[PDB]
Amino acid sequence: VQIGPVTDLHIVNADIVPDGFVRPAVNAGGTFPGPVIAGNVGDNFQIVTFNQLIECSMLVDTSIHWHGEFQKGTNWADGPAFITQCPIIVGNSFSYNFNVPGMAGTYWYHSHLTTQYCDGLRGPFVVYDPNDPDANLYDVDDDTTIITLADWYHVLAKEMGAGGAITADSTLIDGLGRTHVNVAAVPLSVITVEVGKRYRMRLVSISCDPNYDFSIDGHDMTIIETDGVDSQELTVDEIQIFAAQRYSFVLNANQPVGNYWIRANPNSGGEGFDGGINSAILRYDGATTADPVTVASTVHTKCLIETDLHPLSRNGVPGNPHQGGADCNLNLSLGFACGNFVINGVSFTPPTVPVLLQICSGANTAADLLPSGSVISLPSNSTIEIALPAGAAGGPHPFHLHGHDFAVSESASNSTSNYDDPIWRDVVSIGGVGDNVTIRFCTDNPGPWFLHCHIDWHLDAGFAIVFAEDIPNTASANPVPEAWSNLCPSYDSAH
């Protein structure tokens, strides 16, 4: 079901049993996954978030991030607690009001307070484009062509465990899927197609942790979008999708009418598809309603490799075509030891005053911002290159940057850089020990933008810092509403 772009979104607690095991959840709009929030390019989004949360086992405060949306001019609507706002307290509401100029594709929203999105607050977010360059490549693009991949846990997020060393208890495709241990025969999701039709499947990883090896028996997948970035057509028979990433692929339903297994194997937890775990069903209209009996290819032949991807626009790459050919050029020491993650020797722990507020309240630099050693300023209007060399356990770590997308100049498991036509995206696997995954972008977006591993467990163990982009232009660039001013006083009073 789709909303808005002008919509109420209630946040409530409910018990759900997607794999047959009832446990409490945090829900956005009352469903798991949450409803699809949607509009067109350049629509004004006004999302009135009513916090009705009562079950403190999962926190009764909340804060919501719109994942992949630049929020230029509206950094205050971005969502990461203590980076851009204080949480909303229960009984209160907050209008997240923002535009999406110049963006279209497949995104998602989620809780961005501690590990709460694991406990259920996550759903798809799609910016349709009436003049979408890829539109003529399929027949159907609607709510029935969104595929969500979710890790699901029998253990309350607040009670793990971290880090960790945390594993899921099932994979849910479109909110349904079977339990890894003592698999009960619970309902599986169905995705229906009609012969001769072509489908823009919008694959959204709403994972708190694992990446999935995603494949559809008997069928190929032509990638056309990645993390909201339109791509040159690339046909693959399997896609490894890391936490928070999105792909749009054309499914051409050109196989005999019948039932085929939809497959999503995660890097951790249950291995295989016994009992129908890690599965959903692709069904042709007119097929017998039964489980598929198909098998995967013995060896997948055109597996997705990130260096095979290039933008549909001529995006090029900002800066100079050599290792470090950028203005401000960073290289981060990403580490782990004693149950905590570090970036440049510092584990992230949220400040009492949201970075955005510190800035709004007079901070000029840089050295003025809390937490010390967890904020890096970026000069206005500048090529930034970030190297994120791998090694820290574990891994592989999908890094994400708020308020931007970035050219992926060097991907995982391949030391050959690309300064011509690399894919731009917003979340990237930093690969394995030895790798030197590197990104470039331009600072056209004043404000504090979170940079973190997107494995939520590791974010909670402090794998993060803040790019405080153009500090001095941060207040003129982001006027805040009164209601945002009211957040931190309400929250501090409440706690």
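Note that residue numbering follows the sequence shown and begins at 1. Between two forms, the rigid core is defined as the largest C-alpha subset superposing within 1.5 Å.
After superposing on the rigid core, the larger RMS C-alpha deviation in 4 other deposited structures of this protein belongs to 319-327, the other candidate being whichever of 174-182 and 319-327 remains. In 4 other deposited structures of this protein, superposed on the rigid core, the segment with the larger root-mean-square CA displacement between 141-149 and 360-368 is 360-368.
When the C-alpha B-factors of 153-161 and 317-325 are averaged, 317-325 comes out higher.
Relative to one another, 472-480 and 7-15 have unequal mean CA B-factors, and 472-480 is the one with the higher figure. Comparing the C-alpha B-factors of 372, 265, 93, 84 in the entry, the top value falls on 372.
In the PDB entry, the Cα temperature factor peaks, among 350, 311, 120, 258, at 350. Compared with the other modelled residues of the chain, the Cα B-factor recorded for residue 72 ranks in the highest third.
Residue 46: CA B factor lies in the middle third for its chain, per the PDB record.
In the deposited entry, the Cα temperature factor of residue 300 places it in the highest third of its chain's modelled residues.
Among the modelled residues of its chain, residue 435 has a C-alpha B-factor that falls in the highest third according to the deposited record. When the modelled residues of the chain are ordered by their C-alpha B factor, residue 462 lands in the highest third.
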